[PDB]
Structure formats: structure tokens, C-alpha cells
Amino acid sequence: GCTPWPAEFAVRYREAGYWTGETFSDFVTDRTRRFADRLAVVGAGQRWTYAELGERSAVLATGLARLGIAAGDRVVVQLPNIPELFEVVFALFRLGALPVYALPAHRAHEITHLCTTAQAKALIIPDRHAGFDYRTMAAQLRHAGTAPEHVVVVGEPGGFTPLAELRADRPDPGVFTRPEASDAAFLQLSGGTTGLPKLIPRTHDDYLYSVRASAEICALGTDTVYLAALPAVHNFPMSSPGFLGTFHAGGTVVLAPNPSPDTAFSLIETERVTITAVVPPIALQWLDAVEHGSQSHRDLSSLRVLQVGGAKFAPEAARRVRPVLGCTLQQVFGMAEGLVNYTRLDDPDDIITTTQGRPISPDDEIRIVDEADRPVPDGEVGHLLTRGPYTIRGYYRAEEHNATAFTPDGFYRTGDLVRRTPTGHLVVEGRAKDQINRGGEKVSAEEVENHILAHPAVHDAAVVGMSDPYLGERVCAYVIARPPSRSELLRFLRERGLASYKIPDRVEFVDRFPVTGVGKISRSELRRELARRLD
């Protein structure tokens, strides 16, 4: 159910050296041999060399093959920032199996969607993380008939398969498989705009291209110490340049269990982190913690680059990074569907602090168009369309949606409103898609509304973003009840299985939506008007 690049583009990208033919199977073997003696992973009291990560992943791949996982099978991986993540992912790559990445904040709704859509053979989870019991979630899917036939638990397994059972056998390279580099290597989740998130297939050639190129843009090497402050399987901390870029270059990946200033600064001090990636709300927390005293003592001198991305970062705050934290800001405007934009580490500070960067590739095609797909004069704001060597041509098994998300000639409709500077840098100025961006976590208004409408006491509902100085937007729900408690409504939404960050920050019960002409405007227009009230 994947959509391939046209043959002429594929030829172009291989001839240009973007698509090298290397697979993630090749990657695991080559990087763990090339950097064997170096420190690869620091986390949860563990310190693994590249050699140890190689041996551990070979053992785990043998165990997954014994379990029944074969080349081409999909395996949903929903693990927190713990070292087991890497050994699990590498092991799946050794087998030619496809990780399907879920984030720790995802819940029964999203996980059911991923398992059923990807027809996943296994689900890999922790026992508990941040108060949530993933074993109970997996048992809920089993009870409903939607769970993978194999559930593997890191920690205390309950009645599921403990991860340790997959380490029982010595390595057997006979069970490994090398796929084709043009095959999908894994699936990940899109931010989401309609009722359900779409799955994104990424191939070995295109993803590894974006990783190698990002590693070069971000000056990674064996001296790199990358702090994974964000959930490590998200596109940003995974490939931009993320932990994959760090492994490609031979550096050390340090796992932060949470992004709080105390935890993160302690790791930066101890492990001498050189680069990390955060969303703007976390950046603001770190800046305030240092500038206004609480963490002024911390030694952050090893930090060379602070990446901030996923949501808009105001120039006012961007200007504080070098003076407060002593490092270079890098803005990163990317998307799970492909295109990633970086400010360059040698750009002047006005470009660094006022733009969201320029694309990775010379073959990243950028069209900024009006409502009739006509290009706008250079410098004006318009809809961003993009096409390139690591941007998909379609979502997984989503042909109806693909008809609308891509133009006939293969440009992806990002849903972003941007303008272009004379140097090619982009400035993110708005959005056109139905999608509240809560400090980097994306919430579809239509999805939350659909779940709210499922409540018996509710007659209508409209979900809109409310401007927020830290998060950009919080989630506000207007609800017309034929009303239930606010606490009770949020409880029902948690019982529905909605991701943690999709639960509304604010609920306002109303006899009618406080806008003029409710029966005469579309739902999208309604949300725009309501949100205008809240700014």
C-alpha cells in the first residue's frame, strides 16, 4: 500500500548520490563494527559501547525470529527513552522487519489504529511509564480483539512476553535478512489533521539520506554527545539529526528520562552533551531556569548547539539562547512526511533568530502558492508545497486522503503558511490545516470533537486552539450539552483512549457557540471564529 517515487526521480536521486543503496541492516552491522570500542548509549544506569549494542541487537533479533517475527512483518514499538529502545530497533532492522513507531503519550485509540492498520505481528511496550500501565492497555486491545498476537514487555511482564525471553538464544545471523533499500524500512505517524492519523512509510534510501545529510549540516562526529530530550522515536530526535545521525557519525546518545531543566541540565553537566533538540516550551523552561536563578550554577559549557523545532519559536526568545545558555541556536522546521529545514550553524544571528532554516537537499523543491496553486511573489506568505528525495509521495493505505494531500505531479501539501527569504530560508507564519500545535504536539480538532460527541450528555462540540505564550496553543473545547462535569468529560475522554496531549486544556459549556451565523458557516469556519475569540 505504498506510493513509489517515479522512476525518473529515483534515477536522479541515485545518480546524485542521495540514495546510496545502504539498508538499515547494513547500517547496524557497519556502524557497530566501525565504532565498536566507542560509547554508543548512556541511559538508565547503562553504558553500552557500539560493540555491546551490536551484540545485544543480534541476540534480540534471534529471539524475535524465534518468536515468529519475519522479514516484512510490522512491529509496533512504543518505548520511553530507555536503552532497550535502541537494542529493539536495531534488532528489528537486522531481521528486515518494520518498526511502527508510537510515542509514549499515545493511548489505546492511536495504538489500536496502528496495530490494525499496519497488521502488526507484535507490540513492544514498557510495563509502566509516567503513571500509565501499558500492560493494561495491551490487555484492553486483547479483550477487544485488536491486539497483536505477540506483546513484549520491558520491565515486569504481567502475563505477556518478557523482553528477557528474547535474549535466551545465542546470535544466529542465519535468521537475519537484508531488504532492498527502496523498500519501506519502518512506518511512523503523521501529526494528524482529520479523524485519524495517517501512517507514513519511509524507505532505507530516503531516510538514511536525510540522516547522513543532517549529520553533516549539524557537524556531528565521534565527539558528538547527543541528548535525547524529546521522545526518541519522533522524527525530530530520531533523524534531524537525532540518534540515527549520532550513530551514523559514531557519537554518544544520552537518554533523558524527562526534559525538566533539573534532569536535562544534570545530564548535560555529567555527560558533557554537545547538542540536543527541544520544542519551544522546553526551550523557554530551560532559559527561564538559568536566567532567573534556579539553575544559574549549572555548567552547560559543553553544549554547542541547541536545536529548537516542532513549533514556532519567537525571535524574542530565540535571541536569549546564546546570551543565557552560551550556545548556538539552530531552528529546525521539519515534518514526518519528509522536508526538514535547518538554520545553518554559520548563519548570522539575525537569520538564526528570525528564520526556521532552509532545506536539507538541493533537490528539495519548494513551491509557495496561493489558494489556486499559483506561486506568490517571492517574499509573500502562501501555502507550502514540497517535493524531494526524502519526502513521501503518499500515505500508507490512504488512497482517498492521498488524492487530497498530494498534487497530481507529486507535491506534498504541508498545510503550512510560510514565506521565503532571499537566502532560501523559510519563515513559518501560519497554518492552513485543521491542527492545533500544542507546543510541538499535534492535535486534530475533528478527532477530539468526534470523541466528545460520543459522550451521551453532549449535543454538539467545537475544538479550537487558544493562544498561549509558552505552547503557542492550548486546546479549548466548546461543548453544547442537551451538561456533564468538566472532570467527568475529561475522564470519559481518557477512557476513550485519546492520547494524553489531545485532552482539552479548557472546557467551556455553552447553550450555543458564541459566534454569529452558526447554521450558516462550515465547521472549519466555526473553529476559526471561535479561535479568533480566544486571541
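So that there is no doubt, residue numbering starts at 1 and follows the sequence shown.
Asker: Are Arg482 and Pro483 truly consecutive in the deposited sequence, or are residues between them missing coordinates? Give the number as none, 1 to 3, 4 to 9, or 10 or more.
Answerer: According to the record, 1 to 3 deposited residues lack coordinates from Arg482 to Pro483.
Asker: Please work out which of 266-274 and 454-462 has the higher mean CA B-factor as recorded in the PDB entry.
Answerer: Stretch with the higher mean C-alpha B-factor: 454-462.
Asker: Taking the recorded C-alpha temperature factors, which stretch has the higher mean, 90-98 or 256-264?
Answerer: Between 256-264 and 90-98, it is 256-264 that shows the higher mean C-alpha B-factor.
Asker: Going by the entry, which of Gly245, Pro348, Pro162, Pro237 has the most elevated CA B factor?
Answerer: Within the set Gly245, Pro348, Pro162, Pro237, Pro348 shows the top C-alpha B-factor.
Asker: Looking at the C-alpha B-factor values in the deposited entry, which of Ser214, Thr423, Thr203, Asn341 comes out highest?
Answerer: The C-alpha B-factor peaks, among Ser214, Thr423, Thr203, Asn341, at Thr423.
Asker: Pull the Cα B-factor of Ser302 out of the PDB entry and bin it into the chain's lowest, middle or highest third.
Answerer: Its C-alpha B-factor belongs to the lowest third of this chain's values.
Asker: Where does the C-alpha B-factor of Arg56 rank in its chain, lowest, middle or highest third?
Answerer: Ranked within chain, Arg56 CA B lands in the lowest tercile.
Asker: Quick one: classify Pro80 as lowest, middle or highest third of the chain based on its Cα B-factor.
Answerer: Lowest third - that is where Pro80 ends up once the chain's C-alpha B-factors are sorted.
Asker: Taking only the Cα B-factors deposited for this chain, tell me whether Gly250 sits in the lowest, middle or highest third.
Answerer: According to the entry, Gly250 has a C-alpha B-factor in the chain's lowest third.
Asker: Can you work out whether the C-alpha temperature factor of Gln46 puts it in the lowest, middle or highest third of the chain?
Answerer: Middle third, going by the recorded CA B-factors of the chain.
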